[PDB]
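What follows is a single chain, given as structure tokens, in the form solved without adenosine-5'-triphosphate.
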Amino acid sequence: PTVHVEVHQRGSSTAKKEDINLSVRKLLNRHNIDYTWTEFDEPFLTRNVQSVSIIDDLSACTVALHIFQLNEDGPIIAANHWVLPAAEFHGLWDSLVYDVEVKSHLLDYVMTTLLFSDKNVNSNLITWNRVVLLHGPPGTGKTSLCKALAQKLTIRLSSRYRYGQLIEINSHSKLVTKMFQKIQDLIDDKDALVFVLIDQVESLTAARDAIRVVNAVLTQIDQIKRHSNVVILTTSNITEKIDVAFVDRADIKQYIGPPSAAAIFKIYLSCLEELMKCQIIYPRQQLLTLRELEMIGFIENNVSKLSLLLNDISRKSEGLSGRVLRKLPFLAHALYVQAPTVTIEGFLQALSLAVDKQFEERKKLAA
């Protein structure tokens, strides 16, 4: 089909994008074989290009290049405002691990909505709108996915929108008008794709003159969703429960749930890789993926012993949220390692102790 290649232009670069386009294509001619490049023999590439990563063999495919430059300025009262591609969100997307390739659908759904918006596809004949709801138990990183989806969408849609904006509204809170007029001021630039994010929308319905401010925010949402370049992002923790009125509002609803032992193992692998990269886990060892274990039928030998053990830690980590899971190597290292350097076996033993102590606290909440 179409092969997608992401080019991370350096912040200090001053090159025309047309020129960064021609250099990367020359590089693809040589290797011609999902791999990421960080170093280049070309002086032009060394100067202007941080990394060129290919995202899902033969040369002759219809290859699309997305060249982007991160916006370092971080992170409008009272709201968080970022310019996309933002430097805070770099790599956020690849970090999020989900069972059913949720991210792919989500991207594809929102990508298609924008295409129907752009072609003025009639809502009454084919169902689409500009609201996306992500619902599910807490701790699945729903807000990180909205941020990650918005950065991806900005990078991928570079030929239609020159930059992206993300405005994050905190659920906890005239003043609203002052805030939506600035948002409208950003939306008035048709060279941008404006994302508005409302975290824990259900909190408005749950906590309810404060009835009037909640309703005023809905009319303001209603006014901004009217625009070609607006996309709205909501998240709710009461997945099972019906909600007012983001349910009716959102044509794209996606359920996010706790990670399986298959994902936990993908997550942990990414963590240990990081410690090995940083040399906190030393010396570096090979770890096996779940497919690799399956192909050796889980035999235990020097090659696989430690990967099997990590597997078993992933299975006993089930029922923990993804938020807990990425914090665990911190506590593992702080609580049990207590030293600048560890062998990978030493770290796995810290990680398991870590996992045991987590469930001990759970049972304390139950009792």
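So that there is no doubt, residue numbering starts at 1 and follows the sequence shown.
Note that the form deposited with adenosine-5'-triphosphate bound isn't included here; everything after this is about it.
Only one listed stretch (81 to 89, 198 to 206, 154 to 162, 241 to 249) carries heavy atoms within 4.5 Å of adenosine-5'-triphosphate in the entry with it bound, and that stretch is 198 to 206. This chain appears without its partner; in the entry with it bound, the one residue of 113, 144, 171, 184 with a heavy atom within 4.5 Å of adenosine-5'-triphosphate is 144. Checked against adenosine-5'-triphosphate in the entry with it bound, the residues 179, 267, 232, 290 give one hit for a heavy atom within 4.5 Å, which is 267. Proximity of residue 254 to adenosine-5'-triphosphate in the entry with it bound falls outside the 4.5 Å heavy atom cutoff. In the entry with it bound, at least one heavy atom of residue 138 sits within 4.5 Å of adenosine-5'-triphosphate. Though the partner is left out of this view, residue 96 does reach within 4.5 Å of adenosine-5'-triphosphate in the entry with it bound, counting heavy atoms only.
With a 4.5 Å cutoff on heavy atoms, residue 329 does not count as touching adenosine-5'-triphosphate in the entry with it bound; it lies far away. Scanning 316 to 342 for heavy atoms within 4.5 Å of adenosine-5'-triphosphate in the entry with it bound gives 322, 323, 326 in sequence order.
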